[PDB]
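J.: Below is a structure I'd like to ask you about.
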Amino acid sequence: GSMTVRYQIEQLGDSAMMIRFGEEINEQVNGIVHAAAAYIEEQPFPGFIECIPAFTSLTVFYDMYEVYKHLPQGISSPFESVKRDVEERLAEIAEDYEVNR
């Protein structure tokens, strides 16, 4: 069974984002979520704070000041703007077929 993973983005707390992908048959995620921490830090946004790999999920911390600096018209939430900054990096690995919007 081939799939492009089923990952979901939730709100961490106030100004942080955590994204879980798939597993069991997702060595892609299992390895990339570990590297994604570094993936984001190599291609980050000026308000990036921290990113910790949670086995199949990304706990992504950042500064809302820089995301508000973006906050595109339609984006109603700081973390929601960040999704895009990470998406353009993330999506290209698989999830571009999904896009959490």
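Chain lettering (A, B, ...) mirrors the order of the structure tokens, residue numbering begins at 1 for each chain separately, and ligand numbering begins at 1 in order of display.
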Excluding segment 17-33 of chain A and its own-chain neighbours fewer than 5 positions away, which residues fall within 7 Å of it when counting only C-alpha atoms? Please give them as a PyMOL selection string.
T.: chain A and resi 5-12+53+55-61+79
J.: Kindly give the distance, in Å, that separates atom CA of residue 70 of chain A and atom CA of residue 82 of chain A, rounded to a single decimal.
T.: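 Separation between atom CA of residue 70 of chain A and atom CA of residue 82 of chain A: 8.6 Å.
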J.: Considering only C-alpha atoms, return as a list in words whatever protein or nucleic-acid residues lie within 8 Å of residue 89 of chain A, sequence-local ones (same chain, fewer than 3 positions apart) excluded.
T.: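 Listing them by chain and then by number gives residues 39, 40, 43, 85, 86, 92 and 93 of chain A.
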J.: Considering only C-alpha atoms, return as a VMD selection string whatever protein or nucleic-acid residues lie within 12 Å of residue 84 of chain A, sequence-local ones (same chain, fewer than 2 positions apart) excluded.
T.: chain A and resid 9 17 44 to 45 67 70 to 72 75 77 to 82 86 to 91 96 99 to 101
